[PDB]
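Structure of the sequence below:
(chains A, B and C)
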Amino acid sequence: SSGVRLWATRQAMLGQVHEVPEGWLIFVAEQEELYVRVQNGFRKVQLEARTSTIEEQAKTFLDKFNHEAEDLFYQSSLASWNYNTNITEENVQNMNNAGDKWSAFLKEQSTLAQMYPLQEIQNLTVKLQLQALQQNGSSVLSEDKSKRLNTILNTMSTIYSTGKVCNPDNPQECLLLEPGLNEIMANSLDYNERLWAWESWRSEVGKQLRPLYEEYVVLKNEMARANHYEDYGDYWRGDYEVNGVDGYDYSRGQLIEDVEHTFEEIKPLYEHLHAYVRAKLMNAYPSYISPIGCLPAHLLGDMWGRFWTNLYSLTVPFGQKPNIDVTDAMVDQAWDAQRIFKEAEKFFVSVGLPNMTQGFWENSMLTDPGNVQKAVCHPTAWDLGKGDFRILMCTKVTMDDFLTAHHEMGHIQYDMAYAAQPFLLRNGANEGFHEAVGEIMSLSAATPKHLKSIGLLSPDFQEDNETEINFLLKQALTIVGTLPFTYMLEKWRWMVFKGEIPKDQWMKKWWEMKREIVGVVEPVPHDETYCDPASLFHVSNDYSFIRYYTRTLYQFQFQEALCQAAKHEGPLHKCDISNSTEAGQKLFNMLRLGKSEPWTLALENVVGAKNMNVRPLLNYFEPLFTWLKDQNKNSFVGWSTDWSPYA
Amino acid sequence: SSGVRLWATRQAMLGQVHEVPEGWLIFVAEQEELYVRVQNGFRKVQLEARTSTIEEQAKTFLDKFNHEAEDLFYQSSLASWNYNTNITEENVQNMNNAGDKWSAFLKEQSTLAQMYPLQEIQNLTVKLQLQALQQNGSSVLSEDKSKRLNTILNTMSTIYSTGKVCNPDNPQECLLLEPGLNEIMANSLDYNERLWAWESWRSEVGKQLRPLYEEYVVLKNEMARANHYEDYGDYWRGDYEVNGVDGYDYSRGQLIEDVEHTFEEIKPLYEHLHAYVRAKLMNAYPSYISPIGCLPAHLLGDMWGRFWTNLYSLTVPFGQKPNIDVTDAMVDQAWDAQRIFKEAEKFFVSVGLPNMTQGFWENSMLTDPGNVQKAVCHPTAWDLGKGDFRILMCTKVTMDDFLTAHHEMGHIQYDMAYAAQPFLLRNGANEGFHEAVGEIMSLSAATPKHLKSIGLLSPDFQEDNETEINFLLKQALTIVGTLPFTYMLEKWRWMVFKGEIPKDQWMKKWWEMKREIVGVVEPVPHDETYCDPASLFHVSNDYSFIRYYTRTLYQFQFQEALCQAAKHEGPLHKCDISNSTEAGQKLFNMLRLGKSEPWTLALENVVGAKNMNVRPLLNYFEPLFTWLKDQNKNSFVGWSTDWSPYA
Amino acid sequence: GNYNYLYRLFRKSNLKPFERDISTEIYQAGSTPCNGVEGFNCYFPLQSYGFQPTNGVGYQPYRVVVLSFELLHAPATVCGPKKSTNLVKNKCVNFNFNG
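Numbering: from 1, shown residues only, chains lettered A, B, ... in the order given. Please find the structure below.
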């Protein structure tokens, strides 16, 4: 013993001096002060002034790769932005060529990185970067298995994107999922029209995708075994996995544990929320919604019941008190996309974050990019590299565009935060961190205190409890509404990749937890021909939906840390972090690392805990929970799986 | 590789450097010097210039307690001292009121100290001080149990004090134990007179204290059992218990066997001593002590048979030969108690111990201040605190009081010696150290060498073996004689606390142990109605009687070590530590430590033996041991338990 | 005991040279706030002195005066006695009249 016992600050040393054993060096990492642990305290130690292995070759190989990678990635990034801004055939070709150049280049380095054995490589950053490169992808399988898996992904993504259903009343009248079916599942309130749209989408897509999905899963599973995973779920569980880090290693199975462990705390709030929606639905559809039965899968505000936000019309806590809107004030104050972005930039400056790049304005587009060029209006950030930061969207004078602008800007702030890190580390620690950071900025941007501070919300405006309940429930519909849907679906892919559910029970098991975990009942029964669990975008397009679940746990914890940092006074849903420079600095310390460090370390450095939890959400919706329990003390609370609209 | 080991002191590492492997850095916590262990020596590495937790709160909690504890204890000691030296109603009020507030102060800080656990404390001193504070004692039980236990002790204290037995000849003529009954069996040699007083007290006290003793023992055990002890004997055995110290841990059960083992090897010396007393008692009581039977209880020169000092008149080795006493020379030089205490002060400066403050002398009652105010003449020490010291003794100009002055001042020097220790640690290592220090110096003072040096004894005094045996036997009767009685009484009390001796067999086993361990048999058959063991002041008032046996073992070890350090030659009873400055410095090494260190470490450093032993006892009385065998060859050696004066 | 005297055995920081601290704030040991009152990890820095004639010599009240002899750009003010010798006359002497 009597070795190196080093920590960050002297305050840690004062609290841990009794912990440090006799003879152990007390080195303060931040203060660069060295002390020796002696009898009842520490003594000052004299310090002087600050001054071919394969691992050395790997460092040369890795850095050399970066310079090539930076250039080629920029070409692919630019080709994408040009194609995204203007969808033309020429824009496609360069995107293909740059992507083909980029993809081919990466595998050569991937194979070359695999030539380096990581066991003899001890640098934490270097070893992580190499394995981040040594990943061979689908090439770990055979080419034909890679060919099948990729082509199916091309087809499955195409089928979901091109999934179009036709009503039996008119064969020629066919409506896509968007905007045809989704508007019907959200805006239309007809029992049959929503039932048909829900049924037809899962019929013409699920039946076609089910054979493709069956082969897709095993292809994804066998590569996971080829990549040393129990299933492709564990392959996606390796994304949050932390290995080799003392005090921060995160096992893949722990991801399943934490998601289920945190989900059980959401059930009581959700159950009363589920009962209240059932209580409100039975006020609108008493026949279609039983007081004890589950909520029909076609009356949930969207195709799959993913979000209950569109049910706010039928489940409004207080019709006389609408949600706080300052979009008209923006119209009154003549605010527009550049103004909103400038206000967002000012808000980011308000929390101490640096002002965003001016080159963004020259390069990125905010409003609708006309019609000659073809572009997507969805909020999309663009960290093209080499200091090139952009956001591609059509921003109008609306809160949603205002909030998503904050959501997208936070990504860019995160993008430049880890831009100092190498290209391999130039990304978020996990898939949900950047999105979670984007959300909390929008949430703070949506705070009425911020709106009142900036003048969007008038000073004489009052935030009554009914409005807060209206706000919280709308938050619950958006956030807590999708949590059970996210929890089961990701867990569904977990067991499907693990093969727990046999082919002849994928649909039956889906409806088993639909009515039980989520309390959602299919209006008409579906069999294994249907592939409704894969009918969503992420499952069809092979995206781990856990990102939404993880970020929601992260964002509330981060916001809770923000509220603690900003010293919020009031309801947690009213927590505004405006004019809180220190919180941005603390957030910057997390964001500056990006993915250079384990996400558990970053999570603890912000919220104080190395594990995600839903404790802020319970605090966030605590007044709402009491109101929901008060509203549900009369109506039945829970859900009966046996009941169904078809029986 | 290599390791670094730190030393508190440079000299400890210098003597522990050869076994250190080469390459280990040599660092000392005091000199802060850098050395590297190299081949056959060490190279001095050049060094540059010098550049919450419960335990820290625990350290601060103790220090604040020490300030108020030192103040209130000083007032309590002062108030009690006034009552002793001046026995008046108001002085009694001061002694009671100050003690009550001190008692109230002790429990309040003890309760507050309970919120400072001992396990997380790294400092043994900090943990030990709180452990003394956190000792709930009788309060671990319910409040009624403590009150009734004190009620028994109050009744035990009053009854023992007021125990008066009336002579059958005159019912009005009644005598208390002190000084009436004690003088009967110490001065009067009439067997019947001693027998009546011995039986009357044990009958009167026994019939009223036996039922109280049964309950008092149970109450003492129950709190000990709740205080994690097997019995109240183990509760008292925790005084010598050592825990948490490497190389010096002492267990409570180790105390039992050490006292037993030490006494067993004393028996061959004691059996000859018992035989000679038995042989000499026949010369005065031919029909009352058998040549093989055990000694009569009241024929031992004292009340309980504890001290055989008065038997020296009847069992003198050579009555014609004089005894070591310069009491006449004390008054031939026109001295007094003040000069006697001055000689006691001269004794400490002769052995090298520093002189004490004059404040002690001006506050100490060395002689009774007349008769208008009553001064308690019971020898005691007063470590009042804040450097205040007093001696409660009506010392006169006599050799007997000359040793008493040395004995009491020995406690005072010891009490001030560990003043550097905290108030909780301002005490002796155990209950047999301060008495040991004062006894050995008095014995050294009583030697002819000390008396001749200061002119108390003429140099023409004949230091022949005739006076050597007479002095040894008188010391043996006082010191060696009380060891068998002290050992059994604590052993008997231990089994009563442990419940081993049946309640209907306490009296028989007490005398059976007296018959066997001590070779002393009661003159009248006492049943369990009697409470002869509790007739002692210590047993009734709940005083651990093992302190005297340990003190006797410690003092001889202390004395022999001083004589060995002073290069004493010849019989050990003539050893004088006067004019030996090294002996006091050697003695003072433990005296400053006090009770912070284990007593085993204290005993080993002073003497050389970690545990107790009887080797100094054999060295002190070796001429007597051979002399006893010469006188005891004509009579039985040992004792016979069956014989009794009543049968 | 002369309890009028108080002494600061614990201070938040070591005093600067010639610096006086007379703060009566409740000294805090751990992280538990005191809020102006004692209790857990909270004590009184200005402990009261208990001084009695019977106290030990090292514990007795000793009066101490520290004489800081500042000499700076400010003109000197505190000089010594400047002992003067006797007067002479009609004799060649080395006279030093005030310099």
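
Contacts for the strand or helix carrying residue A:330 next, please.
Here residue A:330 sits within helix A:327-332, counting by DSSP states H and E. Helix A:327-332 is contacted by residues A:335-336, A:339-340, A:397-399, A:402, A:451, A:455-458 when judged by C-beta atoms under 8 Å, 6 or more residues apart in numbering or on different chains. Quick note: C-beta positions are derived from backbone N, CA and C, even for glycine.

how about the residues of the stretch 1-150 of chain A that lie near chain C?
By the rule C-beta under 8 Å from any C-beta of the partner chain, no part of the stretch 1-150 of chain A lies against chain C.

Apart from its chain neighbours, what residue comes closest to the residue of chain A found nearest chain B?
Nearest residue of chain A to chain B (C-beta to the nearest C-beta) works out as residue A:46 at 3.7 Å. Nearest residue to residue A:46 in three dimensions, chain neighbours excluded: residue B:48, at 3.7 Å (C-beta to C-beta, 6 or more residues apart in numbering or on different chains).

correct me, but the one you found touches residue A:48?
Yes: with contact defined as C-beta atoms under 8 Å, residue B:48 counts as touching residue A:48 (6.7 Å).

if you count what's nearby, which of these two comes out ahead?
residue B:48 (11 against 7; other C-beta atoms under 10 Å in any protein chain shown).

which ones are touching residue A:382?
A:77, A:81, A:364, A:388-392 are the contacts of residue A:382 under C-beta under 8 Å, 6+ apart.

Closest to residue A:411 out of these?
residue A:391 (8.1 Å; C-beta to C-beta).

so after the host helix or strand of that closest one, what's the next helix or strand?
According to DSSP H and E, residue A:391 maps onto strand A:388-392. Next helix or strand after strand A:388-392 toward the C-terminus (DSSP H and E): helix A:399-417.

quick check, distance from that following helix to the centre of its chain.
For helix A:399-417, the separation from the chain centroid amounts to 13 Å (computed by C-alpha atoms, centre = their mean, to the nearest Å).

Could you pull out the buried residues of the strand holding residue A:391?
A:388-392 (16 or more other C-beta atoms under 10 Å in any protein chain shown).

And the strands in chain A?
A:4-7, A:25-28, A:33-38, A:41-44, A:164-166, A:174-176, A:295-296, A:380-385, A:388-392, A:520-521 (DSSP state E).

To residue C:37, which of those strands lies closest?
Using C-beta to C-beta, the nearest of those to residue C:37 is strand A:41-44, at 28.6 Å.

partner strands of the closest one, parallel or antiparallel?
Sheet pairing of strand A:41-44 (DSSP bridges) gives strand A:33-38 (antiparallel).

residues in contact with the partner strand?
With contacts defined as C-beta under 8 Å, 6+ apart, strand A:33-38 is touched by A:5, A:10, A:13, A:17, A:20-28, A:42-45, A:47, B:6, B:27, B:29.

Close to chain A: what parts of chain C are there?
Counting by C-beta under 8 Å from any C-beta, no residue of chain C is near chain A.

For chain C, give me its nearest residue in the stretch 401-550 of chain A.
residue A:449 (28.6 Å).

Who's the closest spatial neighbour of that residue, skipping the chain neighbours?
residue A:576 (3.8 Å).

Could you tell me which residues make contact with the nearest residue to residue A:379 once chain neighbours are set aside?
Leaving aside its sequence neighbours, residue A:379 sits nearest to residue A:404 (C-beta to C-beta, 6+ apart; 3.9 Å). Contact partners of residue A:404, counting by C-beta under 8 Å, 6+ apart, are A:379, A:393, A:395, A:442.

just curious, which of the contacts of helix A:327-332 is nearest to residue A:241?
residue A:402 (36.5 Å).

Now do the strands in chain C.
Under DSSP E, chain C gives strands at C:6-8, C:27-28, C:42-43, C:46-48.

Reformat these as a markdown table; add distance to chain B and mean neighbour count.
Converted to a markdown table, these look like this (distance: least, C-beta to the nearest C-beta, whole Å; neighbours: other C-beta atoms under 10 Å in any protein chain shown):
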| stretch | distance to chain B | mean neighbour count |
| --- | --- | --- |
| strand C:6-8 | 10 | 14 |
| strand C:27-28 | 8 | 22 |
| strand C:42-43 | 4 | 21 |
| strand C:46-48 | 5 | 17 |
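
Could you dump the ones you listed into CSV with distance to residue A:177 added?
Listed next are the strands of chain C as CSV, based on distance: least, C-beta to C-beta, whole Å:
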stretch, distance to residue A:177
strand C:6-8, 77
strand C:27-28, 64
strand C:42-43, 66
strand C:46-48, 78
